[PDB]
Amino acid sequence: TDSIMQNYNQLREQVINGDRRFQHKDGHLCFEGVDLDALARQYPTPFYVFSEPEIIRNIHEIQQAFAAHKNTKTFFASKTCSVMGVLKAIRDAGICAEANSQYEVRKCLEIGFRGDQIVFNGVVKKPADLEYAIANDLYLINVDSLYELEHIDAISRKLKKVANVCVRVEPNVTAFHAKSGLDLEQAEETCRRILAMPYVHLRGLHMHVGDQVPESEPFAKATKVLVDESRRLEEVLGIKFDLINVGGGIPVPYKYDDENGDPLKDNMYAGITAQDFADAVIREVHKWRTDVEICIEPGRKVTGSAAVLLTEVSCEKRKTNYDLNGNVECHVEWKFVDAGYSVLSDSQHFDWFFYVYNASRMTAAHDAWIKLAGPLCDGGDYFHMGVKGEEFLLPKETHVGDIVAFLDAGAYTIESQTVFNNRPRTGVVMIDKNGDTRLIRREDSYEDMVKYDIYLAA
Amino acid sequence: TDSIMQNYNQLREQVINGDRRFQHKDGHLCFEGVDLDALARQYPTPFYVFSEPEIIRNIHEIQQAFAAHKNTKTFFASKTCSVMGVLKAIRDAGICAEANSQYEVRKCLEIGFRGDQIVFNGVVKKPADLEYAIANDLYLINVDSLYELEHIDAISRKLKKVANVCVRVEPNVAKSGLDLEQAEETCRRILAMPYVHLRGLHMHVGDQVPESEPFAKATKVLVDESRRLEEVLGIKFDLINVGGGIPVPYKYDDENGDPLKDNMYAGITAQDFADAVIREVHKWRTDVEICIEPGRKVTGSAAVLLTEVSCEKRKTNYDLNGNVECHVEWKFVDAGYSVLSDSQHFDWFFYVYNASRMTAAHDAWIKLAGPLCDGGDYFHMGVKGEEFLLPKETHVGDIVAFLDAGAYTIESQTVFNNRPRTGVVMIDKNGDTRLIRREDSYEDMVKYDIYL
Ligand SMILES: Cc1ncc(COP(=O)(O)O)c(/C=N/[C@H](CCCNC(=N)N)C(=O)O)c1O
Ligand SMILES: Cc1ncc(COP(=O)(O)O)c(/C=N/[C@H](CCCNC(=N)N)C(=O)O)c1O
Ligand code: NA
Ligand code: NA
């Protein structure tokens with residue numbers, strides 16, 4: 001325990017000393033030079049702040065990782081974060097976009113990605129979705145089922161417009177637990193049929209291994225399956241594929257003290273780098289072709305490390321358990337923040353760990369065990385992914401009005417919010433390349449929330 | 001397995017032959033005389049349909065349960081569902097409202113609940129929230145901490161307006177409430193505050209509680225301490241507020257269920273809840289007001305999620321190596337966990353039927369997936385393990401129904417993958433339908449962002 005506390009304050013000092021994102025000023029956590037205590041006095045909490053410089057650094061990591069293969073194309077999985085200002089930053093950094101719904105395709109087109117910079121994935125692509133995608137000449141539509149393929153044939157014919165497709169294959173219980181992709185056994189006939197379709201153009205095969213995968217071997221195994229079948233089909237069908245699409249899954253470090261962690265038992269430890277992901281993928285593709293295009297679809301890695309959730313300590317209490325004779329059994333120091341699981345979904349629903357610190361007292365020892373609660377009704381709306389069990393460490397002097405920061409809060413955190421208890425979804429602030437801040441998403445207002453309803457005011 | 005299938009089809013026939021909510025017509029599931037296959041051709045799926053008649057039936061069950069105690073006040077816990085048209089139905093049915101945020105208070109006031117019909121609960125009530133509540137003369141603010149109480153004292157003094165409070169106590173038979181040990185001094189201090197009026201004590205046991213003993217024991221704790229404080233402080237309390245938690249049946253075949261291990265079986269009824277509460281309160285006072293804050297029981301049974309079967313596939317495991325070992329039939333609906341949150345995040349069971357083929361045997365084992373990216377976006381709370389039963393005749397374009405989908409299902413939606421949050425339709429008391437919430441539009445989604 002004392003060791004756990006000691007280790008946590010070693011990590012705290014690494015944040016403000018040797019982290020490319022963070023500094024401190026006046027004892028306050030700073031992000032790209034921006035004082036986060038002061039920022040949280042200018043915008044109402046809770047809100048997220050994103051760093052454009054850190055997104056750029058992440059994208060460079062990915063792109064540098066694939067230097068051994070010139071013919072690589074990188075599509076940001078916009079399901080990770082599709083706030084328009086974030087997408088615009090990713091476009092400016094020079095990569096492309098991946099989309100999982102009609103409205104995702106549309107927003108990518110709106111913000112400036114060309115059709116030939118967009119890949120459309122999904123297990124459900126209704127005819128209206130497919131018609132929209134085909135009419136906008138998307139780079140790829142990644143076909144997930146034979147039923148969807150029938151619609152692509154019929155709609156491409158209606159539009160007299162070529163649909164460019166990959167066939168998604170499940171490289172692997174995966175009949176019972178994997179809803180996506182075709183069985184490998186079905187790729188050959190599926191491809192044979194596409195070749196014969198006048199307006200469907202087979203570009204390659206697709207797979208996606210998973211999310212936050214903390215080892216290289218699954219990527220290597222699955223890529224080899226895809227590569228072996230691509231090679232075989234080239235011979236059997238007498239074709240040359242343009243590409244292979246190996247998906248996403250590059251992990252992000254959510255716990256940084258790798259010496260104390262096992263990525264195979266706790267995948268908050270990232271286990272591998274973008275370079276290890278590239279090495280595994282490229283090695284398997286080059287056993288087939290060095291010239292073929294490799295498409296990748298990273299999501300999490302582009303934005304995960306590039307935002308902080310800022311939330312104000314809004315209440316406090318001590319709760320005491322007594323035996324049946326009025327004698328203290330134990331005290332619990334509860335701190336309440338104005339963000340709960342409706343603001344940070346994965347902390348609750350997917351047992352996700354984020355570093356928690358007192359951004360107003362970043363240079364103070366984090367030396368008191370506390371429990372950290374949200375504002376929702378749910379008895380379960382408190383943060384259970386603690387430093388030790390369900391307990392967090394904050395400075396003993398923590399006060400109502402301090403600002404708490406959750407780090408590594410940029411992946412899958414904005415669109416997954418709700419208005420449970422009619423608490424609004426949060427504003428979002430962006431730090432640009434010059435270190436200046438601006439609001440890029442408003443907090444939901446009272447009006448915004450009732451406007452969807454149809455009713456007579458009393 | 002053959003017995004699980006027979007039992008499920010027994011339940012299916014009971015839906016369309018012996019359920020006050022449902023009928024069949026032309027092979028289709030009907031809700032209060034409305035053909036749901038036909039309804040889902042008028043509005044884009046997925047969407048929720050609510051029944052005002054069922055809300056009324058549920059409220060009647062609650063109020064009848066408390067007939068032995070004349071002075072009972074019922075507050076709908078609006079966290080359960082605050083679509084304005086649902087709140088209006090509940091207001092028009094004659095009960096009161098409970099709120100868990102400033103904007104919930106405001107929407108309750110805007111739909112027509114008076115201040116004296118609103119209770120404000122919560123572990124975080126900031127000064128701005130408290131000021132709004134006090135200024136609007138709320139019936140109760142249920143005090144959760146000593147920190148909050150100091151703001152209430154200060155703000156009520158500033159406004160020169162009386163704040164009506166309960167003290168929430170956690171009976172330790174958890175983040176909310178004060179310790180019982182703190183009630184006496186807290187009440188003593190509230191009595192001395194010039195603009196705070198102490199109404200009583202408050203508790204809330206939990207959600208979907210499948211047994212009466214927790215309520216009886218928790219109520220007795222509050223009654224005993226209420227009785228004691230009346231003596232010690234020389235006062236008569238206005239009320240006792242015993243909270244919510246009346247369960248709703250999510251599985252109906254009670255003969256096959258253990259509610260204490262699987263709380264999708266309700267275990268008790270509103271009458272059992274009332275009997276326990278009234279039995280304890282009446283050891284002390286018959287004249288005192290009992291406040292109750294039911295949420296789930298008011299609306300849970302009163303909605304259906306309608307979702308179109310939008311894709312299908314067969315996945316075949318060839319021996320783990322080679323040779324057909326088993327086929328898995330996947331059916332994809334256009335609602336996933338961003339539409340029906342508790343099915344995923346809280347392991348919640350909802351009955352699933354093919355509403356387009358409700359009179360057909362549900363004779364085929366399938367797995368039921370949503371449309372999201374997440375490999376985990378499929379429905380795992382099946383009829384048998386993760387498997388569901390639908391007619392072998394099920395086709396893309398059929399309408400699947402999730403029953404009992406009225407509690408905690410609307411405000412918990414997300415726009416993950418930029419799929420819109422759903423529209424909501426209401427069947428009114430005359431059996432007519434209207435849209436009471438639009439589906440989010442594309443324009444809705446991007447309008448919150450600030451961009452060029
Ligand atoms: C075809 C495809 N291409 C790329 C990605 C990008 O994955 P990455 O962000 O790099 O881990 C995904 C991701 N899908 C989902 C995320 C789920 C996130 N869920 C969550 N609760 N945060 C999955 O792999 O299950 C995908 O489906
Ligand atoms: C003070 C208070 N008064 C009444 C209720 C109404 O409870 P009822 O709906 O009847 O079970 C609650 C309910 N709060 C929460 C629901 C949580 C629902 N969460 C969900 N994911 N569906 C709780 O008891 O944890 C409450 O906090
Ligand atoms: Na073709
Ligand atoms: Na007083």
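In what follows, chains carry the letters A, B, and so on, assigned in the order in which the sequence lines appear, proteins first and then strands, with residues in each chain numbered from 1. Just follow the structure's listing: the first ligand is 1, and inside any ligand the first atom is 1.
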message: With rounding to 10 degrees, what does the angle A/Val200:O / the Na ion (ligand 3) / A/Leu195:O come to?
response: 170°
field: Under 3.0 Å: N/O/S of A/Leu202 next to the Na ion (ligand 3)
entry: no
- prompt: Can you tell me which residue and heavy atom of the protein come closest to atom 3 (N) of ligand 1, and the distance to 0.1 Å?
  reply: A/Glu297 OE1, 2.9 Å
- request: Verify the distance criterion only: is there a donor paired with an acceptor across the side chains of A/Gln212 and A/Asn267 at less than 3.5 Å?
  value: no
query: Only one of B/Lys73, B/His202, B/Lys79 forms a side-chain hydrogen bond (donor to acceptor under 3.5 Å, both in side chains) with B/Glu293, so which one is it?
result: B/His202
field: Closest to atom 23 (C) of ligand 2 among B/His202, A/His349, B/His204 (heavy-atom distance)
entry: B/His204
field: Sub-4.0 Å heavy-atom contact, B/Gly245 with ligand 2
entry: yes
- request: For atom 15 (C) of ligand 1, find the nearest protein heavy atom and state the residue, atom name and distance (0.1 Å precision).
  value: B/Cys373 SG, 3.9 Å
- request: For ligand 1, note which part of A/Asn121 has a heavy atom under 4.0 Å away: side chain, backbone, both or neither.
  value: side chain
field: Closest approach of any protein heavy atom to atom 11 (O) of ligand 1, naming residue and atom
entry: A/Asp211 OD1, 2.5 Å
ring-ring contact (aromatic ring centres under 6.0 Å, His included) partner of B/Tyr250, chosen from B/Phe349, B/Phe346, B/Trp348: B/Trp348
- request: Can you sort out which atoms of ligand 2 are near B/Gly206, meaning under 4.0 Å from one of its heavy atoms?
  value: 11 (O), 24 (O)
- request: May I ask you to say whether B/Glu61 pairs ionically with B/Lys297, meaning some side-chain N is under 4.0 Å from a carboxylate O?
  value: yes
- prompt: Nearest protein heavy-atom contact for atom 22 (N) of ligand 1: which residue, which atom, what distance?
  reply: A/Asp346 OD2, 3.0 Å
query: Is the closest side-chain heavy-atom distance between A/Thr74 and A/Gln63 below 4.5 Å?
result: yes
message: A side-chain contact here means heavy atoms from C-beta on lying under 4.5 Å apart; do A/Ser305 and A/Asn58 qualify?
response: yes
query: Backbone, side chain, both or neither: what part of A/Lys79 comes under 4.0 angstrom of ligand 1, heavy atoms only?
result: side chain
message: Can you tell me how far apart OG (A/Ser345) and CD1 (A/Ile414) are? Round to the nearest 0.5 Å.
response: 11.5 Å
query: Under 3.5 Å, N or O to N or O, is A/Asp378 touching ligand 2 that way?
result: yes
message: Is there a side-chain contact between A/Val119 and A/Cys295 in this structure, where contact means two heavy atoms from C-beta onward sitting under 4.5 Å apart?
response: no
message: Can you confirm whether the side chains of B/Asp342 and B/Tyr408 place a donor and an acceptor under 3.5 Å from each other?
response: no
- prompt: Has A/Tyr199 got an N, O or S atom lying less than 3.0 Å from the Na ion (ligand 3)?
  reply: no
- prompt: Would a distance-only check, ignoring hydrogens and angles, find a side-chain to backbone donor-acceptor pair under 3.5 Å from B/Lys313 to A/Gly181?
  reply: yes
field: A/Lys160 side chain reached by A/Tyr199 side chain, heavy atoms, under 4.5 Å
entry: yes
- prompt: ligand 1 versus A/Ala77, non-hydrogen atoms closer than 4.0 Å: side chain, backbone, both, neither?
  reply: side chain
message: Any nitrogen or oxygen of B/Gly243, side chain or backbone, less than 3.5 Å from one on ligand 2?
response: no
- prompt: Is any side-chain N of the basic residue among B/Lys175 and A/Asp381 closer than 4.0 Å to the acidic one's carboxylate O?
  reply: yes
message: Quick test of your reading of the structure: of B/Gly295, B/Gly300, B/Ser341, whose heavy atom lies closest to atom 10 (O) of ligand 2?
response: B/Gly295
message: Within ligand 1, which atoms have a heavy atom of A/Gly248 less than 4.0 Å away?
response: 4 (C), 10 (O)
- request: Identify, by atom number and element, the atoms of ligand 1 in contact range of A/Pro298, meaning under 4.0 Å from any of its heavy atoms.
  value: 10 (O)
message: Under a 4.0 angstrom heavy-atom cut-off, which atoms of ligand 1 come close to A/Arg300?
response: 8 (P), 9 (O), 10 (O), 22 (N)
task: Provide, to 0.1 Å, the distance between atom 25 (O) of ligand 1 and the closest protein heavy atom, together with that atom's residue and name.
output: B/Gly375 N, 3.2 Å
message: Contact between B/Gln344 and A/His349 at the side-chain level, heavy atoms closer than 4.5 Å - yes or no?
response: no
- prompt: Within 45° of the axis and under 6.0 Å from the centre of the six-membered ring of A/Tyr139, does NZ or CZ of A/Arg203 qualify?
  reply: no
Non-hydrogen side-chain atoms of A/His208 and A/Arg168 separated by less than 4.5 Å: yes
statement: Taking only non-hydrogen atoms of B/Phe346 and a 4.0 Å limit, the atoms of ligand 2 in range are 21 (N)
task: Output yes if A/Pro198 passes the N/O/S-under-3.0 Å test against the Na ion (ligand 3); output no otherwise.
output: no
- request: Return yes when at least one N/O/S atom of A/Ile194 is nearer than 3.0 Å to the Na ion (ligand 3), and no when none is.
  value: yes
message: Does any part of the side chain of A/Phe75, heavy atoms only, come nearer than 4.5 Å to the side chain of A/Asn245, both counted from C-beta?
response: no
field: ligand 1 N/O within reach of A/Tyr412 N/O, cut-off under 3.5 Å
entry: yes
query: Is there a nitrogen or oxygen of A/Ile250 sitting under 3.5 Å from a nitrogen or oxygen of ligand 1?
result: no
task: Of the side chain and backbone of B/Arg168, name the one, both, or neither that has a heavy atom under 4.0 Å from an atom of ligand 2.
output: side chain
- request: Mind checking whether A/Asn142 contacts ligand 1 via backbone (N, CA, C, O), side chain (CB onward), both or neither, at a 4.0 Å heavy-atom cut-off?
  value: neither
